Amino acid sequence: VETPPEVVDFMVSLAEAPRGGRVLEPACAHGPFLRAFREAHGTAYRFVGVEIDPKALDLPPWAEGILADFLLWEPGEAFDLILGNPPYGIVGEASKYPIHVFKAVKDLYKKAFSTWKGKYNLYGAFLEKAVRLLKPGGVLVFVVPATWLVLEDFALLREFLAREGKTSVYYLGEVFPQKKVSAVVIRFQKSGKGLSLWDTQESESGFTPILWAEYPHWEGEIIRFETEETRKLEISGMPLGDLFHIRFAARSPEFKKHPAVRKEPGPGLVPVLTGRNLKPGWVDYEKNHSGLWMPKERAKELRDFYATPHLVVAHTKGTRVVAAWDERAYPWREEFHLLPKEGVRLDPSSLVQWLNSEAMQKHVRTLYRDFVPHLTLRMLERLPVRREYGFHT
């Protein structure tokens, strides 16, 4: 893993430390951020790098190198500036997740980090740890995935940043060659409050920040790229989540162990549907993408709502809104399943048309860009629906 030099340069441009200040690069390897900071600001700082792998630690003699797990490291003194690119990844079983440690080590991380939630991620733990290691008024500059802007797993992290200091977020996007990740830079200072959101433009000269919006009273809410138009559309109708209960499909292991489920087609059996069966405005009931089949009538044993025709919205087609009415009421292995709340009247056909409309695709692309390869529940529940498509009694 390397950080492109124009990304390093941009981050160094955002970094500051007082003369003689302590400057730290977590997960440093050969210390590219220490080196770049020194080149730009000179030698009158105490440079420290922390690296877990002895094969990777390779700092110049002007820096102190410590062999340690940064996440469990307890230095004698706090830092003025912490900068770098922390490891990204979920800690879990190797068949499914990339970061592999003893359960005991994962337990130490959970104990250490107040922001740890759900499956979480090393990059969230690195951010929390770094903030904890800052002196009052100290500065952190990290490049990390954009996913914490919007995802529930990072709610405690966002709330923590919001209360611990002031935050600037600079959208970069997919700037790591051969890595599929949309990135942001966070500049956090352990004083003051509020959020500033910035776009960037890349030129030969490097990255230039462009101020997008300011939220001086940010308390850790989801971060979005709002515009006059997104606001105007959001007040035009009721949030979709006010009209529907939003549920998810039963998961693959639930179907795989169910006695009614088969691995081959046969009389009275239908495919268990996936996102590949869902298209804008229609459902493919014939093709099998899950490897699983079952009697339609037994689908309700997995989720009661599989018995009832209802609206289905895609989760893993990227940041877009893809919807269809499941008229037949089939078993699904994937996607959101929307059930009208009490007193809600709908025009399924018109609502589906609206959800699939170009206006709606632009809306979610503006707000959430490419932070995650999904439409998530928190995005979906806020989609505006005017009373002509769906209206609450």
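Take the two forms, find the largest set of C-alpha atoms that superpose within 1.5 Å, and that set is the rigid core. The numbering used is simple: start at 1 and walk along the sequence shown.
Across the superposed structures in 5 other deposited structures of this protein, aligned by the core, the stretch whose Cα atoms lie more distant on average is 200-208, chosen from 96-104 and 200-208. With each structure aligned by its rigid core, the stretch whose Cα atoms sit farther from this model in 5 other deposited structures of this protein, between 382-390 and 4-12, is 382-390. When 24-32 is weighed against 40-48, 40-48 comes out higher, by mean CA B-factor as recorded in the entry.
With 173-181 and 311-319 compared on mean CA B-factor from the PDB entry, the stretch scoring higher is 173-181. Highest CA B-factor among the listed residues (69, 334, 58, 326): 58. Note on the listed residues 129, 263, 106, 279: the highest Cα temperature factor in the record is that of 263. Per-chain ranking of the deposited C-alpha B factor places residue 254 in the lowest third. In the deposited entry, the Cα temperature factor of residue 102 places it in the highest third of its chain's modelled residues.
When all modelled residues of the chain are sorted by CA temperature factor, residue 248 is found within the lowest third. Residue 149: CA B factor in the lowest third of modelled residues in this chain (values from the PDB entry). Sort the modelled residues of the chain by CA B factor and residue 330 lands in the lowest third.
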